[PDB]
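Coming up, as structure tokens: structure 1 and structure 2, two forms of one and the same protein chain.
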Structure 1
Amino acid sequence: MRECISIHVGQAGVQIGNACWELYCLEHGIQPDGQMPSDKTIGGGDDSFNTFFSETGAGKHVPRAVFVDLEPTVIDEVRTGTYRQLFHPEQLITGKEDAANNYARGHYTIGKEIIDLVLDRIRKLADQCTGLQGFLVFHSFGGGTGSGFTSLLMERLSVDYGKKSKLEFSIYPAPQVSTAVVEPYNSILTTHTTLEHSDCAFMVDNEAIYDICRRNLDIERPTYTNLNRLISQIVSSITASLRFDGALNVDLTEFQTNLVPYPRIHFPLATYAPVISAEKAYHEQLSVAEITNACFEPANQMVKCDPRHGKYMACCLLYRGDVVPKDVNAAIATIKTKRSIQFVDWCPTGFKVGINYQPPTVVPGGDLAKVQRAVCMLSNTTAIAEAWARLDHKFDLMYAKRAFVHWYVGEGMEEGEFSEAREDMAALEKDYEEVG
């Protein structure tokens, strides 16, 4: 057993973190006060769930998690909510004044006032670990804190924890539920400064999640509560291999080995199926072939892009529930007889499969129906370059006129940092073109 520490930064990171930890508790049988009756070893243990939860002498199972925000309103909802007794009170860190949607305030001026306290509190959790493997960092690209403070934090974690893995869950901006006009700037600046310091990053496109809520869940106008519940189900499916027994993606290093062929092209695409409305409680149960085929439909993707226009470098299928391995083999064999799936000529043309035989858990109050079998596909495809091109184009439209740049330069940032970040994104776009 090797421990994982989760860090939730800014509003989006904190709200998604709250939804994830609620779901983890329901999956593991942990009550809101931290008690876990099924855990026979009181005060300690080496079980797979201990990768995410420590244990106290009184039988309390505490998340190995830190929540940080530069203003207190969002974290105050965690401090007074249903799971207020679950977290380490010193694990919930707040400043008084936020980054005002400005990367430079998050990174250089406001962020510097709390960075040392956050690192000292992370060290307290790290000191409790026997074999820390690394960190899971949750944050928006668009927010000033999610963009700027996260980049500063990832820079410091690389110096203080050199050999440890760092994985991100990043929220990619959408016009439908955006906060700021400058989100494309914050997104490019954080991507450039974090690229070296992150080993693998799962982007979540808010437009993709918004469309899934509208089309599959019949939610006319999805709110963050609806988006976050669906995101938490996908994040749970991705982290399940670290918290339960299994043979695929059992540690953070294996995520890199399986999904990241080269350091810079470290952005896998997630696809999840089936997503069925809770109002359809008597829905027909979909077979392994049906849910597997649905992974290759662009409508079920976590990022809007078309994998038919790209090439695959890796593909992992993670099943949960009543899934017979021979049915997976037969469904994959059918999938290989389809012109739309092309692998690069230098990777083995194969699929890695993991099965957890417990079906997914649904949260009370959620929008999803219970299902007997579900799948999350993680792939590294060159089609994800389409998401970077869309973001780079919005950056270029404003940057050509230097619109809003004075706000960043006024908060300790050099104008040349914008050109350096954009040049790195042009190189990243060419890295995908050179693979295919």
Structure 2
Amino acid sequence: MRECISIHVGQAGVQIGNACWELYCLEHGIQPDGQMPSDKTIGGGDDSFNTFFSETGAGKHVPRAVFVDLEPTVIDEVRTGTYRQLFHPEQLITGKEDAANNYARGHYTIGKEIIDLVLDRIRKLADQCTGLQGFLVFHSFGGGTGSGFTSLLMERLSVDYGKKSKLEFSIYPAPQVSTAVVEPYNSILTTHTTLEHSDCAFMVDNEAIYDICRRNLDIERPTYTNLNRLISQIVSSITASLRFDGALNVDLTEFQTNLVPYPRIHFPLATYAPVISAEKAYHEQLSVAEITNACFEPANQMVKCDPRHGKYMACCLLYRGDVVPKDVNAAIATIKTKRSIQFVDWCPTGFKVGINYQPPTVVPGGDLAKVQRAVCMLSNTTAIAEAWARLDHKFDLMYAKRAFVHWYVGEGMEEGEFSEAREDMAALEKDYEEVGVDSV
């Protein structure tokens, strides 16, 4: 009941999916062959972990997930890796030719050849559900498949599932690990296209994650592997409310009510603490107060922006591990008197708290120290608009000269689609301004 189907699109979506499902398996005690010794319900159940795993008669716990990519090399690693026995072959869909970092190819030329097959597999997953709650979609902004195919997919899902809720986990481009100079184009196009079809979207700034790995983890040159293990910790914290239950656990949809005051303003800022290496964790024991203060340090955000220069519209704190409410309350009382936390005048100044008692988990060979308690903060702040502004600026620099545009026109797109998307971004920035202005 309340099942969630995860959809991993493109290299970023797939590799992040890999990280997440390995971590989920560790958190629930599911082995790489799908067996879950601790589950005495054989063939099914209504446990909290069933929101994410279906069960076969032979006792296998199978991710409610589809992995999709327009070329095979990335999914082939899943097909031959440690968790290859976890997924049914039908959940892993690949084409033969990718989108060449081109949104036009992902949404049209190549995407149209595989979209129906993908929807058919999603339908098979949906039919196994007694109360499908919605979808979680993992993709990059910059790739041709992550942008174009994801947009196409979201539009088709709005047709087949109506207003059934669709959440995004989106990789926002950063120069340090960038693979295309056209990532700003793809980013603006996909954001314009999916804006109406997404209910909530968690952006992960690759530069922010890169910086956190370098600073807090003492990793000289962080790879995708480093970044993805951190990202999965954030995703796990966000979905823990769906996968575990407890007296003080709060469902993600309850937070979602607080996080989205208007349909378009649906981009929460995530912060996660503590991020610390084993070497540095061997000495300090980080208290509830310490990790909560960490949440209001700009260097710990998943998107580079300055919340001090914006206004808050919602703050949710998602604790997991050894945390009792008395200590949360005392911590929050401290932050309210030491930090510059300005709310809009139309929204109550209050922190929404959820606590999961299951301790954070680390993957063996990881870089994160095992800690006793952790917190993920989700806030809706106008400061996240800074991220849109930087992207829009790169778009404008190239689009004034129409650089690289012929690659999109050649694949059937028109310049009108570009200026449409950019005006929608301009309106989004103006929206973030209006919600911040004091009432009359």
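Shifts are known only where both forms have a C-alpha. Every residue number counts along structure 1's sequence, beginning with 1. Whichever C-alpha set is largest while still superposing within 1.5 Å between the two forms counts as the rigid core.
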Self-check item: Displaced position between structure 1 and structure 2, chosen from 181, 278, 117, 159 (C-alpha, 2 Å or more, rigid core)
Solution: 278
Quiz item: Superposing on the rigid core, do we see a C-alpha displacement of 2 Å or more at residue 248 between structure 1 and structure 2?
Solution: yes
Quiz item: Keeping the rigid core fixed, what distance in angstrom separates the two C-alpha positions of residue 198 between structure 1 and structure 2?
Solution: 0.2
Quiz prompt | C-alpha positional change at residue 357 between structure 1 and structure 2 - rigid core reference, Å | solution = 1.6
Exercise. Once the rigid core is superposed, tell me how far the Cα of residue 339 moves between structure 1 and structure 2, in Å to one decimal.
Key: 5.1
Quiz item: Which bits shift between structure 1 and structure 2 if the core is lined up, counting only runs of three or more residues where every C-alpha moves 2 Å or more?
Solution: 246-256, 278-281
